[PDB]
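**Student:**
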Amino acid sequence: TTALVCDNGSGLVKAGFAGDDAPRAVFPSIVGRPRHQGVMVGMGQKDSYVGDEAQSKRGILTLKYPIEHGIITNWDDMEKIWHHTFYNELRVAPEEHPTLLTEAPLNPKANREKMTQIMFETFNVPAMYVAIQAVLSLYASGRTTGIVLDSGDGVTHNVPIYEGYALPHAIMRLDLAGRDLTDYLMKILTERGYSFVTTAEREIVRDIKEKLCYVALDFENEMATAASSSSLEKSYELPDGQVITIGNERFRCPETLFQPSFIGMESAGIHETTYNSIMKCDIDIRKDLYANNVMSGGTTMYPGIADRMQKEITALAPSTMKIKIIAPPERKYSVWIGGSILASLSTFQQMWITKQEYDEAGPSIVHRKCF
Amino acid sequence: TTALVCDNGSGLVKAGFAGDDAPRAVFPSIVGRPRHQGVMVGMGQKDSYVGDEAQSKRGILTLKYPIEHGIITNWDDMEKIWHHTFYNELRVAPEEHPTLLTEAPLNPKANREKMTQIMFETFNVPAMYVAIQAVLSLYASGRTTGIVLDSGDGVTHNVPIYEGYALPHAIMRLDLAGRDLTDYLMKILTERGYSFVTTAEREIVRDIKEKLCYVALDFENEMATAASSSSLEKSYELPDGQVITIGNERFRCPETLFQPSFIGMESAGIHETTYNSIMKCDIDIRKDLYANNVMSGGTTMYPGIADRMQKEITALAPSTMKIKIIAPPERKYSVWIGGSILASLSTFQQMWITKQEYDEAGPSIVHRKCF
Amino acid sequence: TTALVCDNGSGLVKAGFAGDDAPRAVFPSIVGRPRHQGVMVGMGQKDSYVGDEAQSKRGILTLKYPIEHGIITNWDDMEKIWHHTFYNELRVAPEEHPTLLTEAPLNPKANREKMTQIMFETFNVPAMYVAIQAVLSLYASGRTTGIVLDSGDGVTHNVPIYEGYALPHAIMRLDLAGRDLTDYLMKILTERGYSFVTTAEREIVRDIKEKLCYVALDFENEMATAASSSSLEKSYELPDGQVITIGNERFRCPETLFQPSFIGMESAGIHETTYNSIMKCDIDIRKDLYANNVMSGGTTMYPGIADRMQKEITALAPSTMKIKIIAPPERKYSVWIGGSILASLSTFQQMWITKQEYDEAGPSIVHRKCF
Ligand SMILES: Nc1ncnc2c1ncn2[C@@H]1O[C@H](COP(=O)(O)OP(=O)(O)O)[C@@H](O)[C@H]1O
Ligand SMILES: Nc1ncnc2c1ncn2[C@@H]1O[C@H](COP(=O)(O)OP(=O)(O)O)[C@@H](O)[C@H]1O
Ligand SMILES: Nc1ncnc2c1ncn2[C@@H]1O[C@H](COP(=O)(O)OP(=O)(O)O)[C@@H](O)[C@H]1O
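In order, the protein sequences belong to chains P, A and R. Take any residue in the first sequence, count from 1 to its spot, add 6: that is its number in the deposited numbering. Take any residue in the second sequence, count from 1 to its spot, add 6: that is its number in the deposited numbering. Take any residue in the third sequence, count from 1 to its spot, add 6: that is its number in the deposited numbering.
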């Protein structure tokens, strides 16, 4: 039968059926709970909203993401997320549909262990599997080599791969992503008079970040331009009107990606860790990687980030190589398409984890060679 | 069985049975007492009049409202009011009908405590409840969101509500209502040479305020008109003839609702407190409220107050949000109709306060979440 | 010559000369304007009262604080505040006296820029500087590490500092302070029959909040005590007699500091934000902070807030660390003493901003490395 693919992720869960060309269901991976008393009794005020319902009801809710940085901290909210997914978005019973789940590399083992435990016991899936998001993003691009830089909402990582073989000893993971960038935007939108403190308006700052922010090709010259001229200011109307104006922030914010020291982290930027992960690899297979830099995730949607990344990585790397960057136009959902392709394959039929073998060997089956 | 819905309020008590479409009884919430000696014995002259008979006998009585500003200051007179209500207007025994009671928010807890105690012990009701007048007014309007502005005789308040959840921290109460407007009208009718000092004549000024007063859509141009022309003066016959004529007053009086500085108050006007109450709520629910202003109470009956309220609240609000004001034609009794609706519901049946549980826990039951 | 130290703040402005041991001038940072017409001509009624004369004339004024939450919204009134300060409290000319200005962190740049512009142009100072209130409070305490929790009238913040270096990314700001607590006290003093609505009566409620309120070391047991016993009620005579009595409120009010959800705010309490700010700093330097949790500001004057703070923060923190809380008896003016010390130093001489530099580089000099 048809296999299911579920990309839990942070910020946005995206689920659908294998073999398709786009994910059928996408909605925010948030959970809401009311925070006022309620006086008009009988209106069916459910004690928990999920996904887009909470997104629409925010004004009376307190939003709580259940996956912080690739790791799950609340398993009740995550169970509710999965149940709402299956029974409202896909409207399919998991009784006969094997699912494909994803996680960031170097994650705690308990996360995937309990994920499989729950998927087998509570939802009773006939089979399942757990892949690494970067390999899925690569399979989506129809290659077999190339360093990949998946950067979503919680985590950022590099997985250098060659001919289908991934080098785990050079995986570099950075815990700076779109969420820390939204936090920095909320930090620096206060030097213009505006304030955002509620978790219902962190979503608003997130929308502003998506709409108006871009990347500076030369951060110093662009900062000087913002200082002298004023062409960069762009307006934005909050959901009650009172249009705001932001200037320097539009590129001051995602510059944190290239200099994490802005928000108090000691680590290096995106391009530096990329070049490092390359230099950790064998001296024979670095040119293929320089040629096949693959970008994915939602945070790599920034206008012009490709040119900036290329300039920085050419500044760092030698000058006699050819530095390419694969930034497809639909890169955001590349992980889901890669998962769908990996599922719809014919060689994959012995990679699943059947419920028989799960009951026979427990939740430690994923760390076993049946990955 | 059928439940009673008693909306005490100031100025006019309105009682009746649940499930109906209008209150069965409405009469002035006054208590009269004779103030002369009487010489024709054998009449059986009562020792205290109440309600409509007091209104009819004013010329020999001294009228005394027992609820001043949402709070009850005389409990003997309010006991008499409730007794006369039940045994003469509705002619029903409270021994077999649970009743519903209302009050303005931010009232002293003693008021509702003693209301509950008296309704339980003295009248021996089988059950009861105490609702907030604004939420009942919203019930009658057939919504589940929308800031409401109830304006009765002694109290005026705003309760912003969203999906049945009301925000208690953005409630704004004002102690300027129809009674202070009657006092102002009595004050300014003394420049036209007319005098009113008695409590039997405050009723006359009240009838004048109801029949002739209106709201100035543009106060400055309307004052200029009242200076230049004379087209506005509408006559009025006092109960002994001697027709009076009033000019500027017809709109000079209810402007106090928009500028309390006329009578020495420091708080803002109706529209500014509404806008403030809106600005205290979350930034994501403001547009629904702007769209769903609800009005109630008798003081929102002034001809033209809706257009004036809309103009002011638009001048204060942003220029992109659409501002509505839901002023039904029967808005005056929205509180009672909403109370009847709340009573005749099916989920409301376990929300009462039983005499058993009351005798078990005392009058402090209402402060308990059994509200 | 001697350097001037001016601490604007909300609630109380405190100015004086460097090197002293107490501020020479403290008066309420209010501005009062008359609100009645006046009939006795020739009495020389000025057109705007300022400071303590406004406090003494309140009964005929409308008070208007010009600094709401660390930010200034009326610059005319603040200009008048500074003028009155220099020419009546200190009676000194700013023509040769460099001054020291303070502000809460994460403030809009416009407030500071215009403060600098006005101090240079209008008052014509020879030099000036703008420091952060928390670092001043720290310098007053003779340390160089330890996080500080300054909590005045309009703003509350945390600044983790280590060996003179302050971590900017772990600063936590909260917009809940003494003013919101006075608002809550005015909110809950209405469930006892008393009403306070005028802006001249907010001062009275403020004095009540200062004299009678305290913190409950165990809120639930204290609420139970207030329910059962009555030993807690303390009387208070309003300026015309009619002594009031308050019970539960005495500790119900400053509990908002530990649960902002009481007044509709979503952020966490004092102790939670403190612990978060600690968990945001490096792992190797948390013990010094736990050991040196400095307090300051006027809102930390509440009787017993230290024991409650320590109990809560130990409940949140690990159990093997020593959790001290430095709370000097004179912390209320620690910011001004710290400013006086900073000025009285010998290394601070090249940190000012001379009028030459300002006329050469404009008001944007404060954002420049000459801070
Ligand atoms: N056009 C855009 N510009 C900038 N940021 C974006 C854009 N689109 C999405 N994002 C960011 O990407 C994040 C979503 O991450 P996502 O790719 O869903 O993670 P995952 O792939 O692990 O589910 C959001 O938090 C959002 O801030
Ligand atoms: N058509 C009208 N025009 C002006 N004022 C009115 C009108 N109808 C009622 N009022 C005023 O409304 C008041 C009655 O308030 P009401 O709505 O009965 O308060 P509650 O509902 O709390 O009892 C009266 O004092 C009267 O002055
Ligand atoms: N003993 C006290 N008890 C309770 N509150 C106090 C006490 N002393 C001062 N306050 C509060 O502190 C506030 C003054 O804050 P302050 O420290 O002057 O701020 P700033 O230093 O920024 O001017 C006042 O509003 C008052 O309510």
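A virtual CB, placed ideally from N, CA and C, is assigned to each residue, including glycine.
(1) Could you tell me which of A/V45, A/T68, A/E209 sits nearest to A/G38, measuring between CA atoms?
(2) Answer yes or no: the CB of A/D313 versus the heavy atoms of ligand 3, is any distance below 7 angstroms?
(3) Let's test the definition: count the other Cβ atoms within 10 Å of the Cβ of P/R97 and tell me whether it reaches 16, buried, or not, exposed.
(4) Interface residues of chain A around R/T68 at Cβ under 7 angstroms?
(5) With H, G and I counted as helix, E and B as strand and the rest as coil, what does DSSP make of R/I291?
(6) By DSSP's criteria, A/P40 is part of a beta bridge. Which residues make up the other side?
(7) Which chain A residues are close to P/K63, counting only those with a beta carbon under 8 angstroms from its beta carbon?
(8) According to DSSP, simplified to helix, strand and coil, what is P/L244?
(9) Are P/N282 and P/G152 closer than 8 angstroms when you measure CB to CB?
(10) P/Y364 to P/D213, Cα distance in whole Å?
(11) Do the stretch 133–146 of chain A and the stretch 102–112 of chain A make contact, defined as three or more Cβ pairs closer than 8 angstroms?
(12) Taking the alpha-carbon positions, what's the A/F264 to R/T204 distance?
(13) For A/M357, report the span of its alpha helix (DSSP H) as first-last.
(14) Classify P/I73: buried if its beta carbon has 16 or more other beta carbons within 10 angstroms, exposed otherwise.
(15) Scan the stretch 246–273 of chain P for residues whose Cβ lies nearer than 7 angstroms to a Cβ of chain R and list them as they occur along the chain.
(16) Along the beta strand (DSSP E) that carries R/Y190, what are the first and last residues, could you check?
(17) When the Cα atoms are used, what is the spatial distance from P/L144 to R/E366?
(18) Can you confirm whether R/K120, when its beta carbon is compared against all beta carbons of chain P, has any partner nearer than 8 angstroms?
(19) At a CB-CB cut-off below 9 angstroms, which residues of chain A make contact with R/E197?
(20) So, does the stretch 314–324 of chain P touch the stretch 119–131 of chain P, judging by three or more C-beta pairs under 8 angstroms?
(21) Using Cβ-Cβ distances below 8 angstroms, what residues of the stretch 37–53 of chain P are close to chain A?
(22) Is any beta-carbon of chain A found at less than 8 angstroms from that of R/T79?
(23) For P/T306 and P/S234, what's the separation of their Cα atoms in angstroms?
(24) Report yes if the C-beta of A/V131 is less than 7 angstroms from at least one heavy atom of ligand 2; otherwise report no.
(25) Tell me, please, which residues DSSP counts as bridged to A/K20.
(26) Count the other CB atoms, across all protein chains shown, that sit within 10 Å of the CB of A/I269; report buried if there are 16 or more and exposed otherwise.
(27) Can you check whether the C-beta of A/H89 is within less than 8 angstroms of a C-beta belonging to chain R?
(28) Which bits of chain P does R/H175 rub up against, with CB to CB less than 7 angstroms?
(29) Anyone know if the C-beta pair for R/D82 and R/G303 falls short of 8 angstroms?
(30) So A/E109 is in the beta strand (DSSP E); what residue range does that whole segment cover?
(31) Closest to P/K330 by C-alpha separation, out of P/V300, P/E228, P/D58, would be which residue?
(32) Decide yes or no for the touch test of the stretch 247–259 of chain A against the stretch 189–198 of chain A: beta carbon pairs closer than 8 angstroms, at least 3 of them.
(33) Based on the DSSP output, what are the partners of A/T162 in its beta bridges?
(34) Check the Cβ of P/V141 against every Cβ in chain R and list those closer than 9 angstroms, keeping chain order.
(35) Where DSSP assigns a beta bridge to P/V56, which residues make up the other side?
(36) Can you give me, in chain order, the residues of the stretch 323–337 of chain A that have a beta carbon less than 8 angstroms from any beta carbon in chain P?
**Tutor:** Reading off the structure:
(1) A/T68
(2) no
(3) exposed
(4) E272
(5) helix
(6) A/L67
(7) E169
(8) strand
(9) no
(10) 42 angstroms
(11) yes
(12) 17 angstroms
(13) First-last for A/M357: undefined, no H or E at that position.
(14) buried
(15) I269, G270
(16) Here R/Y190 belongs to no beta strand (DSSP E); instead the alpha helix (DSSP H) covers 184–194.
(17) 56 angstroms
(18) no
(19) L112, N113, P114, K115, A116
(20) no
(21) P40, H42, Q43, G44, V45, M46, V47, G48, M49, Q51
(22) no
(23) 29 angstroms
(24) no
(25) A/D13, A/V32
(26) exposed
(27) no
(28) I269, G270
(29) no
(30) 105–109
(31) P/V300
(32) yes
(33) A/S157, A/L180
(34) Within 9 angstroms Cβ-Cβ: nothing; P/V141 doesn't reach chain R, min ~33 angstroms.
(35) P/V37
(36) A323, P324, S325, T326, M327
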